[PDB]
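So the sequences go chain by chain: C and M.
As numbered in PDB author numbering, the first sequence has no gaps in its residue numbers, which increase by one up to the final residue, 845.
As numbered in PDB author numbering, the second sequence has no gaps in its residue numbers, which increase by one up to the final residue, 318.
Remarks on the structure that follows.
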Amino acid sequence: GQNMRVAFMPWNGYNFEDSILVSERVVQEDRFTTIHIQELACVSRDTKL
Amino acid sequence: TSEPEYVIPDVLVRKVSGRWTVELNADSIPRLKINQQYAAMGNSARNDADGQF
C-alpha cells in the first residue's frame with residue numbers, strides 16, 4: 797500500500813456512503829498501478845490425417 | 266476450422282535408453298473372464314438338460 801494524504805469531509809456527495817474520491821495527482825504519480833501476467837498455451841494434437 | 270483429434274494406436278514403441286521396446290495397448294486390448302457363478306452351477310445341477318447346457 798501507499799501512505800496517501802487523506803481527509804474526513806463530505807465533498808458534493810461523491811463520498812455519499814462508501815465511495816472514495818481520488819485526486820489526479822495519485823493517478824499521475826502512477827500510484828497503485830498494478831501488473832498482471834496472462835498465459836496462453838497451444839498443443840499440436842497429431843491426428844490420423 | 267474446429268476439427269477434432271482421432272486415431273487409436275494398437276501397439277506402442279518408445280526409446281527407453283536405446284533398444285526401444287514394444288508393449289501392446291492395455292486399454293484397447295479386449296478381454297474375457299470366466300463367469301464364476303455359472304461355473305459353480307454345472308455340477309450341483311440336478312438335470313441332464315442343465316448340466317449339459
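C-beta: ideal position from N, C-alpha, C; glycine also.
When the Cα of residue i is compared with those of the options, which residue comes out closest?
{"i": "M:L277", "options": "M:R284, M:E288, M:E270", "result": "M:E288"}
{"i": "M:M306", "options": "M:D292, M:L297, M:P295, M:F318", "result": "M:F318"}
{"i": "C:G797", "options": "C:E813, C:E835, C:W807, C:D826", "result": "C:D826"}
{"i": "M:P295", "options": "M:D275, M:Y271, M:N312, M:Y303", "result": "M:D275"}
{"i": "M:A291", "options": "M:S282, M:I273, M:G283, M:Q302", "result": "M:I273"}
Which same chain residues end up closer than 7 Å to residue i when comparing Cβ atoms and leaving out the 5 residues on each side of it in sequence?
{"i": "M:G316", "result": "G307, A310"}
{"i": "C:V823", "result": "none"}
Round the Cβ separation of residue i and residue j to the nearest angstrom and send it over; I've been treating them as touching at under 8 Å.
{"i": "C:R841", "j": "M:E270", "result": "4 Å"}
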